[PDB]
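Notes follow the structure.
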Amino acid sequence: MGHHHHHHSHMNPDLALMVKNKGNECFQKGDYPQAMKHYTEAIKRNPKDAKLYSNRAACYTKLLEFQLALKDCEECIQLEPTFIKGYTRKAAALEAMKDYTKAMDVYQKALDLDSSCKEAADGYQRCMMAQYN
């Protein structure tokens, strides 16, 4: 069961998937800004990967750069409209714009792409209840 490979054989199938993994691990070390730049260099490896831009948008909330979290998502839908968790972060951004009504539409759209994204359904209760105080 010895995995045979040569000295010029890539054990990594796609380095562009490996740079995004360590991007997510950087964030996991308790980091945000450098983690965004690890996603940005992951974007230099896979620009069409829209769910990779979703992580940038998710950080911009914490940094009060919601404007960037929006505009990154406006083009992200043009790159790959099936970026599911970016809808979850986008709607959380709309919540900060008091657009709870627009937010719940975008959580519905996260569940619409694939309902396995039920994490967005918890975020839905968060945005709907906010106006129903």
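Computed from the coordinates by the stated procedures, all read-outs in this text should not be read as laboratory data. All Cβ positions, even for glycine, are placed from backbone atoms using ideal geometry, and neighbour counts span all protein chains on display.
The set of residues in region 83-98 being in contact (Cβ under 8 Å) with a residue 24 or more places away in the chain, surrounded by fewer than 22 Cβ atoms within 10 Å (Cβ to Cβ) and outside any helix (DSSP H, G or I) consists of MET97 alone. Every test in (1) under 28 Å from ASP31 (Cβ atoms); (2) part of a helix (DSSP H, G or I) is passed by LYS109 save one, and that test is (1). Evaluate the following for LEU111: is it in contact with a helix residue (DSSP H, G or I) (Cβ under 9 Å, 6 or more places away or on another chain) and under 16 Å from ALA50 (Cα atoms)? No; evaluated as a whole, the condition is false for this residue. Of the residues making up region 105-127, those that are touching a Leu at 6+ places or on another chain (Cβ under 9 Å) and not acidic (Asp, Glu) are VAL106, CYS117, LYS118, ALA120, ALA121, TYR124, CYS127. Just for region 105-120: of the residues that are under 21 Å from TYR60 (Cβ atoms) and of a type outside the set (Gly, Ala, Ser), which one is surrounded by the fewest Cβ atoms within 10 Å (Cβ to Cβ)? Among them, the one singled out is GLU119. With respect to (1) of a type in the set (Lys, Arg); (2) in contact with a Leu (Cβ under 7 Å, 6 or more places away or on another chain); (3) over 28 Å from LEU15 (Cα atoms), the lone exception for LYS48 is condition (3). Of the residues making up region 37-44, not a single one is within 17 Å of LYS102 (Cβ to Cβ) and aromatic (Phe, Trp, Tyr).
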